[PDB]
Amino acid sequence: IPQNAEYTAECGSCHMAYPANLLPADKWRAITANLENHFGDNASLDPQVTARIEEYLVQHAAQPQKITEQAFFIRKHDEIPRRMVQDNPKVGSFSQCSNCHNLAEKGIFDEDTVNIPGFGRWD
């Protein structure tokens, strides 16, 4: 099975499994160091599973903060108005990327395939 199989199961449980290359290693370690305190939820795992997740993310990282707080993310999304996101009940926030980028879990974020629920294709 592929290298991300366990990751997808464990970290795809409450939201989509974010590709490892969306954060650098130190930012992934800040998340996996205290999964019991995870953005309002408890994402704790057994220690050996935790360790394999951390090791996967660190190894495959971009070469606790959110993805949606990174400057690359804010830049890419700064023309999208709040009516389509925070005020859009079918979206609500940018965190669940797969609501707009249907193949986000496969790493596909291309603008030409984005479709915002309730609004349609962007391009």
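So that there is no doubt, residue numbering starts at 1 and follows the sequence shown.
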| item | value |
| --- | --- |
| Count class of coordinate-free deposited residues lying between the neighbours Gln48 and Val49 | none |
| Stretch with the higher entry mean CA B-factor, where the candidates are 67-75 and 49-57 | 67-75 |
| Options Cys97, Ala43, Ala33, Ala62 - largest CA temperature factor per the record | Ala33 |
| Ranked against its chain, the third holding the CA B-factor of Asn21 | lowest |
| Third of the chain's Cα B-factor distribution that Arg83 belongs to, per the entry | highest |
| Ranked against its chain, the third holding the CA B-factor of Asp112 | highest |
| For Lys90, the third of its chain into which the C-alpha B factor falls | highest |
| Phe119 - Cα temperature factor, lowest/middle/highest third of chain | middle |
